[PDB]
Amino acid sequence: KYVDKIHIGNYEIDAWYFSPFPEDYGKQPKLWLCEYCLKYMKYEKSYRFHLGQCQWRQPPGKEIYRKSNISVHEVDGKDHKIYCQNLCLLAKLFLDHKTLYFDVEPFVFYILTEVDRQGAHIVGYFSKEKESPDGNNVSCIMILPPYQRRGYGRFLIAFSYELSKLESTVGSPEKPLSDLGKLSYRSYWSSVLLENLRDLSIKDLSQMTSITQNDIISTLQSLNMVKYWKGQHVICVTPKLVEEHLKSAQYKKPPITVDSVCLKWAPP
């Protein structure tokens, strides 16, 4: 018997996938998680006692982004091992393709929280290899189900590319993506490229956005905005066609924007 339901914060959430919590935790009807320190517990009574004792009201690590009540904490897997392992166990309940939960030292974790009077409430995260040979600027990215399709995933994707810009590099998420992640990345790439084309070579868009040339090219192909000439992809778009694409409803929702001015981060 696996964990099939969690209580975290004020949410009850059904599991989507197997996550390797210890056997005696999976057997329980529900797993109870402290939303601040991510300790998982077997019983409502141990949960209620913990909530009166726990002094955490936000993730550990350094707050590298704060604008209004939106916050991002950077958490080193080597500095906060247990927390990052519990985060990976939580994430695995909603990610099919995540395979690493306990060897968290090679990773840095970026925790998105929404803050109110009581504390900073976890929304989602992405992990990232301290050293990525493959040029991946995201390893795994997960938004908890009650926050999905509400702009938080768009914020986290945009945030991962802001880090890449500061690192003077391009990057791409590690594959395979979840289905929602796949849809979200394609819409993000489209929105960014169309906006830049409205206001360039493929190499130019790559340096401006930190999106890889491959991801630009596949996105421009899906939009039918590229020609091919003697082995080279070439941007082929009229300023009117760009506007028409931005009209589509899928870009109508107002984003939670990443304000470069509020990002407190120096590249390693």
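In case it trips you up, residue 1 is the first one in the sequence shown, and so on.
Interresidue gap class [residue 199, residue 200; deposited sequence, unmodelled]: In the record, 4 to 9 residues between residue 199 and residue 200 lack coordinates.
Greater mean Cα temperature factor according to the PDB record, 225 to 233 or 212 to 220: For C-alpha atoms only, the mean B-factor is higher in 225 to 233.
Higher-B stretch (mean Cα B-factor, as the entry records it), 234 to 242 or 63 to 71: Taking the mean B-factor of the alpha carbons in each, 234 to 242 is higher.
Record-listed C-alpha B factor of residue 167: chain third: Its C-alpha B-factor belongs to the highest third of this chain's values.
Where the record places residue 249 (Cα B-factor, split into thirds across the chain): Tercile = highest for this residue's CA B-factor.
B-factor third for the C-alpha atom of residue 54 within its chain: For residue 54, the deposited C-alpha B-factor lands in the middle third.
CA B-factor ranking of residue 203, expressed as a third of its chain: Its C-alpha B-factor belongs to the highest third of this chain's values.
Entry-reported Cα temperature factor of residue 261, expressed as the chain third it lands in: According to the entry, residue 261 has a C-alpha B-factor in the chain's highest third.
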